[PDB]
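Using the working numbering, the first residue of the sequence shown is number 8, and each one after it goes up by one.
Just so it is clear, CB atoms sit at the ideal spot from N, CA and C, and this is done for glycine as well.
Have a look at the structure below before the remarks.
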Amino acid sequence: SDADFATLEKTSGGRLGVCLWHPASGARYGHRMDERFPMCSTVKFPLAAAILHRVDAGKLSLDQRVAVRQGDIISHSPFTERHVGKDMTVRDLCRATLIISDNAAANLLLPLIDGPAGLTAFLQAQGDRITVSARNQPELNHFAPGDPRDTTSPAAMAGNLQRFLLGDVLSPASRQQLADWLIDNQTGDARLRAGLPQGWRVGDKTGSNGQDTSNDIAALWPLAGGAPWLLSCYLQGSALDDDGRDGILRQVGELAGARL
Numbered sequence: 008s009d010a011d012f013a014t015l016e017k018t019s020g021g022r023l024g025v026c027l028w029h030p031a032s033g034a035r036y037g038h039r040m041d042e043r044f045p046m047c048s049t050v051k052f053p054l055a056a057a058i059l060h061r062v063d064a065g066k067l068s069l070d071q072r073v074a075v076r077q078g079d080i081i082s083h084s085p086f087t088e089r090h091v092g093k094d095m096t097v098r099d100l101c102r103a104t105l106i107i108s109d110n111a112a113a114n115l116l117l118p119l120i121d122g123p124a125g126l127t128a129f130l131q132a133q134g135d136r137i138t139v140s141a142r143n144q145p146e147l148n149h150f151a152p153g154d155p156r157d158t159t160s161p162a163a164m165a166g167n168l169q170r171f172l173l174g175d176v177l178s179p180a181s182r183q184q185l186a187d188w189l190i191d192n193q194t195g196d197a198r199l200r201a202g203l204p205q206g207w208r209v210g211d212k213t214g215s216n217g218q219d220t221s222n223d224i225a226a227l228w229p230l231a232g233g234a235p236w237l238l239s240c241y242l243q244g245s246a247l248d249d250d251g252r253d254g255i256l257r258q259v260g261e262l263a264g265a266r267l
C-alpha cells in the first residue's frame, strides 16, 4: 500500500514526497503528493522546457551564444567554468545544467526566459499553479515552511514531466531533445536509477542542498514499448547526509519498481 512510503519516511529522518504516475492508465502511488518541497536543482527541468518553448516560438535560438564572465561562475559549474571570457551556445548551457547540474549554466539561462518570474509564468500558462520559481542559484536552495518560493509538489512536478516530455507543450524535436538530455543525466546513478528494475529506460534530474535535502524526478520508458511512467521524489529536512539520502531515493526506486 501507499503505507510503504510512510514506512520508508520513518527511516529517512525527514519529510518524504513521492508521486508515481501512469498517465495512460491513471495509476498513481505516493506520499505527501500535494505538500510543498524545495525544488533545489530540479528547477532546471522546467527551466530547460521554458527555454525550448521560447525557441519553438522563434523568440530564441539554441545556437544563440551567451557570454561567460568570472563573476558568473559559482560552485559546481564544471562546464561553464571552462568558458570564462568566451561564450557558449544556449543548447550547450541546457545540456550542462541538466546532465551534470552545472549551477552557473542555470543562472545564464534564466534571464533568457525573464528570470524566475518568467519561469513561474510559463508554468502557470501550461497548467501548474503550484510551483513557484523565485530565485536563481544559490539562493533558490533556501527553504522554510510557509514560504512557497522555489518549491514544488510531487504531484505538480510529475505533471510537468508529463506535460513537457509526453504532451504537446514542446515541438516534436524540442521534446525529444529534452528527453535525450534527461536520458543522458550523469548525477543519478546512486539515486532512483539504483533501485529501479531492469527493462526501463530512465531520464532524470536530481537535486541536493548538500546538507539535508535530496530530490530526483524521472520519466520511465519501457524498453519493450508501451506507455511511460513518471516518478517524482523529494526528501527534505532529513537527518541523513547525501549518501544516506541517496539510499532513500534508491529505496523509492525499489518501491516504484514493485508497482510497475
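Reduced DSSP category for residue i - H, G, I as helix; E, B as strand; rest coil
{"i": "residue 93", "result": "coil"}
{"i": "residue 155", "result": "coil"}
{"i": "residue 210", "result": "strand"}
{"i": "residue 108", "result": "coil"}
{"i": "residue 8", "result": "coil"}
{"i": "residue 160", "result": "coil"}
Selection from the options that minimises the alpha carbon distance to residue i
{"i": "residue 219", "options": "8, 14, 12 and 44", "result": "44"}
{"i": "residue 182", "options": "167, 196, 193 and 90", "result": "167"}
{"i": "residue 159", "options": "112, 170 and 140", "result": "140"}
{"i": "residue 54", "options": "35, 142 and 72", "result": "142"}
{"i": "residue 24", "options": "40, 238, 203 and 36", "result": "40"}
{"i": "residue 270", "options": "206, 260, 237 and 20", "result": "Absent from the structure is residue 270, since the part of the chain shown begins at 8 and ends at 267."}
{"i": "residue 77", "options": "97, 239 and 87", "result": "87"}
{"i": "residue 127", "options": "17, 149 and 163", "result": "163"}
Limits of the beta strand (DSSP E) - the one that residue i falls within
{"i": "residue 243", "result": "236-243"}
{"i": "residue 149", "result": "No beta strand (DSSP E) holds residue 149; DSSP gives it neither H nor E."}
{"i": "residue 229", "result": "221-229"}
Limits of the alpha helix (DSSP H) - the one that residue i falls within
{"i": "residue 137", "result": "Element bounds for residue 137: n/a, residue is neither H nor E."}
{"i": "residue 252", "result": "249-264"}
{"i": "residue 181", "result": "179-190"}
{"i": "residue 199", "result": "199-202"}
Residue i beta carbon near the ligand GDP (any heavy atom closer than 8 Å)
{"i": "residue 116", "result": "Looking at this structure, you won't find the ligand GDP or any other ligand, since it has none at all."}
Local Cβ density within 10 Å of residue i, reported as buried at 16 or more and exposed below that
{"i": "residue 184", "result": "buried"}
{"i": "residue 226", "result": "buried"}
{"i": "residue 213", "result": "buried"}
{"i": "residue 14", "result": "exposed"}
{"i": "residue 71", "result": "exposed"}
{"i": "residue 153", "result": "exposed"}
{"i": "residue 51", "result": "buried"}
{"i": "residue 89", "result": "exposed"}
{"i": "residue 136", "result": "exposed"}
{"i": "residue 271", "result": "Limits of the chain in this structure are 8 at one end and 267 at the other, which puts residue 271 out of reach."}
Unbroken alpha helix (DSSP H) runs of length 4 or more, entirely within the segment 11-88: which are they? 51-63
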